[PDB]
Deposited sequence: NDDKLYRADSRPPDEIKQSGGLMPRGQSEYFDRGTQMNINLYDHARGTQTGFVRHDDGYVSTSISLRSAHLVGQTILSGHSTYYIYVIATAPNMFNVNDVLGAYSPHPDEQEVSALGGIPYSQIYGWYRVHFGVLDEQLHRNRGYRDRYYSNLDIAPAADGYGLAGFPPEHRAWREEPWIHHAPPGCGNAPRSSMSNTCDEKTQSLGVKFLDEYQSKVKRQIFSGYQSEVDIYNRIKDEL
């Protein structure tokens, strides 16, 4: 459906366009996975926010309302004289953190939805401007957005996420419902570090597969048809 999510960020629209979207820490470009990135939801969710709204460990956070995003924004970014609130379509790269982490969600009050690998430009509906903590309530539309594609999609269900929860290898969660039914090999199950390596490889495989879907939706329309008979 056409629901939107919201994120406060000091990186301005031109940086977003150049990066191909809203990126997790340490990634300069969406589709370019030439650099190392740890992907782990639990670590993402328990990370501290020091002048950046949570974007570590391979995910990028959103709020479920504009009010909530604005509140978050005042808390973290009040030292900036300008920042942006990005309005974001729902799609299956988004996970409801409370639902996936359950009772172990570290900040349940925040009601976070987090995007694995960050948010591609095409998924960004638009952006508001915030000046000196004051929300300017004009919405600037992104020409790159695709409404029919994204309005036909929703966030990922929690059961697509349980296996990516990223709890420590011997955490009680891996032996409790629901996570027990989705535990990566080595997690609550003779080379060291299997759980960590499988958590990471399942994340990388998810993002590979997701990026394939984005490439298909966007790059398809770069196809220029040729007059085959003339040629």
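Taking the first deposited residue as 1, the stretches without any C-alpha atom are 190-193, 236-240.
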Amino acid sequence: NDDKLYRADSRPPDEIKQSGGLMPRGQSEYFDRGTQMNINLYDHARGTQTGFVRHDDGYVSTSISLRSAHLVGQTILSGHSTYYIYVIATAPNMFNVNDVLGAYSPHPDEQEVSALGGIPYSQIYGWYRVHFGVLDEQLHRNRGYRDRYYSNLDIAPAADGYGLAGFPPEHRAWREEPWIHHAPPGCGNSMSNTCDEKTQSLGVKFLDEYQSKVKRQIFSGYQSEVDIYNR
From here on, numbers count along this sequence of modelled residues.
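Here the rigid core means the biggest group of C-alpha atoms that line up within 1.5 Å when the two forms are laid on top of each other.
After superposing on the rigid core, the larger RMS C-alpha deviation in 4 other deposited structures of this protein belongs to 36-44, the other candidate being whichever of 36-44 and 178-186 remains.
Stretch 134-142 is the one, of 134-142 and 90-98, whose CA positions lie farther from the shown form in 4 other deposited structures of this protein once all structures are superposed by the rigid core. Omission of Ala173 is seen in none of the other entries compared for this protein where the adjacent residues are built, far below a third. Judged by the one-third criterion across other entries of this protein, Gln27, modelled here, is also modelled in every one of those that cover both its neighbours. The mean Cα B-factor in the deposited entry runs higher for 130-138 than for the other of 109-117 and 130-138.
Higher mean CA temperature factor, per the PDB entry, when comparing 52-60 with 34-42: 34-42. Across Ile76, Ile155, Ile124, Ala159, the greatest Cα temperature factor reported in the deposited entry is at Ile76. Per the deposited record, the Cα B-factor of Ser212 falls in the lowest third when ranked against the other modelled residues of its chain.
In this PDB entry, the Cα temperature factor of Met191 sits in the top third of its chain's modelled residues, the highest group. The entry lists a Cα temperature factor for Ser28 that places it in the highest third of the chain's modelled residues.
When the CA B factors of the chain's modelled residues are split into thirds, the value for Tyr150 lands in the lowest one. Sort the chain's modelled residues by C-alpha temperature factor and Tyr86 lands in the middle third, per the entry.
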